[PDB]
A.B. asks: 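This is the structure I have questions about; it appears just below.
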Amino acid sequence: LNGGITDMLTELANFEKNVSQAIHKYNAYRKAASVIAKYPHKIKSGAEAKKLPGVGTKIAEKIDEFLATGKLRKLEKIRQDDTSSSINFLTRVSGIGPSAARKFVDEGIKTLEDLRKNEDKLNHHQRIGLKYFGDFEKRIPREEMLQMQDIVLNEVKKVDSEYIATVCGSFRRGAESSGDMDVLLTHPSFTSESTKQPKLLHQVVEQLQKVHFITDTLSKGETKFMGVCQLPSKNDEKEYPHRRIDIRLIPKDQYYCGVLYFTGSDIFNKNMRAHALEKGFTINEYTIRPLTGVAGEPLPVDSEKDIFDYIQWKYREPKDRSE
DNA sequence: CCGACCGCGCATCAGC
DNA sequence: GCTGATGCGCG
DNA sequence: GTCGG
Ligand SMILES: [Mg+2]
Ligand SMILES: [Mg+2]
Ligand code: NA
């Protein structure tokens, strides 16, 4: 109902993040954008909006101007500025953040041609992000997420029938399209107690590469792989776009905290974690522990709901965590 | 007013 | 090489 | 930029 407002604020949040490098302003706009996005009425005024938490005086003024004119002067100016525009653009390349973006514009590299021209000034992650720049902009229809899932789950079962591979992220929240693919991996040999087998993640990355599902690698350690994959296409069929894929190997006994984390959303995780802090707990992808203001021992978790119970939240299905 | 704003993996660099 | 700080990315 | 104390 409030698409224009939420777009406005998301553009503002991006600006603060990419250009101003004021992350708290970025988070302020993102929170507001999210609370408004779920408000079940068409906002008639900035006062009506200010009743929501996250919407304050400043954002209320914004919403009133946008409502009046259909525009924000602040944004129309930001759009008109070259340094800001270029910086904001460059940041869309995976691996180029606000700092790299600003250094690049400093050197006179500010367009997509410039980047291609200057690949030797790019690190690996950056080169692959430029390579698949167009692809990584596309969303993934759920139907393709379903094929991708089959592949990953079937291949992993071939490396060792004891791996458990769970697709998380937006896919798990039931989205009709996903920004990418997110795979939580567990193997019984790897727990909080011990790592009984080396290269648990490697063998999996290896296998998925062997069958040409994984095509590139952005980053890779003992527990986190961040890379690129592609569905196989039929005879004469145009190739599918290349897609980002993240794989996270998590202690088997810490699954429920792991799957909570990877299911998100990102904003939901930030809100859940902040609420946990007020309630007197700290939540990460491994454990929830009680808080001198210093973290205690891991409390026993047997489901995602047990985590919710701790911080006195009613349970929310994954499909309701898309904040 | 003002402090506080999650939590963490991997790549890179400085500095030793 | 190592440690630690910083950039970037994940949700 | 917002908000809680
Ligand atoms: Mg995702
Ligand atoms: Mg994401
Ligand atoms: Na991802």
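Only heavy atoms go into these numbers, but all of them, side chains included; no hydrogens, no water, no symmetry mates. Here is how names work: the chains are called A, B, and so on, in the same order as the sequence lines, proteins then strands, and each is numbered from 1.
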A.B. asks: Backbone N or O of A/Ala175 within a donor-acceptor pair of the A/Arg142 side chain at under 3.5 Å?
C.D. replies: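 Flag set: sc A/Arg142 to bb A/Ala175 pair under 3.5 Å.
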A.B. asks: In the single-linkage hydrophobic clustering (I, L, V, M, F, W, Y; side-chain heavy atoms under 4.5 Å), do A/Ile63 and A/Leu1 co-cluster?
C.D. replies: no
A.B. asks: By a strict heavy-atom criterion of less than 4.0 Å, which residues belonging to residues 256-277 of chain A are in contact with DNA chain D?
C.D. replies: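 None - not one residue of the stretch has a heavy atom sitting under 4.0 Å from the strand.
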A.B. asks: Which heavy atom of A/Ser84 sits nearest a heavy atom of A/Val19, and at what distance?
C.D. replies: OG-CG1, 3.7 Å
A.B. asks: Without swapping roles, check the side chain of A/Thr263 against the backbone of A/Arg172 for a donor-acceptor pair under 3.5 Å.
C.D. replies: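 No, because the side chain of A/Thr263 does not come within donor-acceptor range (under 3.5 Å) of the backbone of A/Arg172.
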A.B. asks: Looking at residues 7-34 of chain A, who's got a heavy atom less than 4.0 Å off DNA chain C?
C.D. replies: none
A.B. asks: Look only at the side chain of A/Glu144 and the backbone of A/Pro141, and say whether a donor-acceptor pair between them is shorter than 3.5 Å.
C.D. replies: no
A.B. asks: Looking at B/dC10, I'd like to know if its phosphate oxygens (OP1 or OP2) sit under 4.0 Å from a side-chain N or O belonging to A/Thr223.
C.D. replies: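 Yes, A/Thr223 has a side-chain N/O under 4.0 Å of OP1/OP2 on B/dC10.
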A.B. asks: Considering only heavy atoms of chain A and a distance under 4.0 Å, specify the first and last nucleotide of DNA chain D in 5' to 3' order that meet this criterion.
C.D. replies: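 Terminal contacting nucleotides, 5' to 3': D/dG1 to D/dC3.
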A.B. asks: When you measure from the side chain of A/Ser85 to the backbone N and O of A/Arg79, does any donor-acceptor pair fall under 3.5 Å?
C.D. replies: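 It does hold such a pair.
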A.B. asks: Applying a 3.5 angstrom cut-off to the pairing atoms, does DNA chain B sit in any stems of at least three consecutive Watson-Crick or G-U pairs? List them by first number.
C.D. replies: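 Stems (3+ consecutive pairs) listed as B:1-3 with D:3-5, B:6-16 with C:1-11.
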A.B. asks: If you measure from the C1' atom in B/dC5 to the same atom in D/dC3, how many Å do you get, rounded?
C.D. replies: 10 Å
A.B. asks: Between the side chains of A/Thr191 and A/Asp253, does any donor sit under 3.5 Å from an acceptor?
C.D. replies: no
A.B. asks: Take atom CG of A/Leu218 and atom P of B/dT12, then tell me their distance rounded to the nearest Å.
C.D. replies: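 In whole Å, B/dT12 P lies 11 Å from A/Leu218 CG.
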A.B. asks: With rounding to the nearest 0.5 angstrom, report the CG to OH distance, A/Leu184 to A/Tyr261.
C.D. replies: 10.0 Å
A.B. asks: Among residues 302-323 of chain A, which ones have heavy-atom contacts with DNA chain D below 4.0 Å?
C.D. replies: none
A.B. asks: Would a distance-only check, ignoring hydrogens and angles, find a side-chain to backbone donor-acceptor pair under 3.5 Å from A/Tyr163 to A/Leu200?
C.D. replies: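 Yes: the side chain of A/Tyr163 pairs with the backbone of A/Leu200.
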A.B. asks: Nearest 0.5 Å please: distance from the NZ atom of A/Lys220 over to the NE2 atom of A/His202.
C.D. replies: 5.0 Å
A.B. asks: Let me check something: any side-chain donor-acceptor pairs from residues 151-161 of chain A under 3.5 Å, sequence neighbours excluded? List them with distances.
C.D. replies:
{"residue": "A/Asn154", "atom": "ND2", "partner": "A/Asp150", "partner atom": "O", "Å": "2.8"}
{"residue": "A/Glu155", "atom": "OE1", "partner": "A/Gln207", "partner atom": "NE2", "Å": "2.6"}
{"residue": "A/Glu155", "atom": "OE2", "partner": "A/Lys158", "partner atom": "NZ", "Å": "3.1"}
{"residue": "A/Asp160", "atom": "OD1", "partner": "A/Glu162", "partner atom": "N", "Å": "3.0"}
{"residue": "A/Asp160", "atom": "OD2", "partner": "A/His187", "partner atom": "NE2", "Å": "3.0"}

A.B. asks: Any donor and acceptor pair, going by atom type alone, linking the side chain of A/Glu48 with main-chain N or O of A/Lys44 inside 3.5 Å?
C.D. replies: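 Between the backbone of A/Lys44 and the side chain of A/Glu48 there is a qualifying donor-acceptor contact (under 3.5 Å).
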A.B. asks: Any sub-3.5 Å donor-acceptor pair from A/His125's side-chain atoms to A/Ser219's backbone N or O?
C.D. replies: no
A.B. asks: With sequence neighbours left out, write down each residue that passes ring-ring contact (aromatic ring centres under 6.0 Å, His included) with A/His212, or none if nothing qualifies.
C.D. replies: none
A.B. asks: Please give me every residue in residues 86-106 of chain A whose heavy atoms get under 4.0 Å of an atom in DNA chain C, ordered by residue number.
C.D. replies: A/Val93, A/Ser94, A/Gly95, A/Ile96, A/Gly97, A/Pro98, A/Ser99, A/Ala100
A.B. asks: Angle between ring planes, A/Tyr132 versus A/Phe136, binned at 30° and 60°: parallel, tilted or perpendicular?
C.D. replies: tilted
A.B. asks: Of the non-hydrogen atoms in A/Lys110 and A/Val105, which two are nearest, and what is the gap between them?
C.D. replies: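 Taking every non-hydrogen atom into account, CE-CG1, 3.8 Å.
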A.B. asks: Write down the distance between CD (A/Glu285) and P (B/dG7), rounded to a whole number of angstrom.
C.D. replies: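 Distance, rounded to whole Å: 11 Å.
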A.B. asks: With rounding to the nearest 0.5 Å, note down the distance linking CD1 in A/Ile36 to CD1 in A/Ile59.
C.D. replies: 6.5 Å
A.B. asks: If only side-chain N and O atoms count, and only distance matters, is there a donor-acceptor pair under 3.5 Å linking A/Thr10 with A/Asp7?
C.D. replies: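 Side-chain D/A pair, A/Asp7 to A/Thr10: absent.
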A.B. asks: Near DNA chain D, under 4.0 Å by heavy atom, which residues of residues 38-50 of chain A?
C.D. replies: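 Contacts with DNA chain D under 4.0 Å: none.
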A.B. asks: Are A/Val259 and A/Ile283 connected, step by step, through hydrophobic side chains (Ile, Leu, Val, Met, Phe, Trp, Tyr) whose heavy atoms are closer than 4.5 Å?
C.D. replies: yes
A.B. asks: Could you tell me whether the side chain of A/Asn2 and the main chain of A/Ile43 form a donor-acceptor pair under 3.5 Å?
C.D. replies: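 The answer is yes, because a donor-acceptor pair under 3.5 Å joins these two groups.
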A.B. asks: Is the shortest distance from a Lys or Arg side-chain nitrogen in A/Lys74 or A/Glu65 to a carboxylate oxygen in the other one below 4.0 Å?
C.D. replies: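 A salt bridge is absent here (no side-chain N lies under 4.0 Å from a carboxylate O).
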A.B. asks: Chain A on DNA chain C: first and last contacting nucleotide, 5' to 3', under 4.0 Å to a heavy atom?
C.D. replies: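 Contact boundaries, 5' end first: C/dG7 to C/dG11.
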A.B. asks: Is the number of heavy atoms from other residues, nucleotides or ligands under 6.0 Å of A/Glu193 CD greater than 12?
C.D. replies: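 No, not enclosed.
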A.B. asks: Could you tell me whether a side-chain N or O of A/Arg273 sits under 3.5 Å from a main-chain N or O of A/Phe268, the two making a donor and an acceptor?
C.D. replies: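 A pair under 3.5 Å: no.
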A.B. asks: With rounding to the closest Å, how many angstrom separate the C1' atoms on B/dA4 and D/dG5?
C.D. replies: 12 Å
A.B. asks: Look at the rings of A/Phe133 and A/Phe89 and say which category their plane angle falls in: under 30° parallel, 30 to 60° tilted, over 60° perpendicular.
C.D. replies: perpendicular
A.B. asks: With a 4.0 Å heavy-atom cut-off, tell me which residues in residues 171-205 of chain A come close to DNA chain C, sorted by residue number.
C.D. replies: A/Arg173, A/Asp180, A/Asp182
A.B. asks: What pair of heavy atoms forms the shortest contact from A/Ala32 to A/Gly54, and how long is it?
C.D. replies: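 The answer is CB-O, 3.6 Å.
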A.B. asks: Measuring only between side-chain heavy atoms, which start at C-beta, is A/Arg316 closer than 4.5 Å to A/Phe308?
C.D. replies: yes
A.B. asks: Give me the residues of residues 114-152 of chain A where at least one heavy atom lies under 4.0 Å from an atom of DNA chain C, by number, or none.
C.D. replies: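 Hits under 4.0 Å, by residue number: A/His125.
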A.B. asks: Between SG of A/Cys229 and CD1 of A/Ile214, what distance do you get to the nearest 0.5 Å?
C.D. replies: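 The CD1 atom of A/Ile214 is 7.0 Å from SG of A/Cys229, to the nearest 0.5 Å.
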A.B. asks: Counting distance only, does the side-chain N/O of A/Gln254 pair as donor-acceptor with the main-chain N or O of A/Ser192 below 3.5 Å?
C.D. replies: no
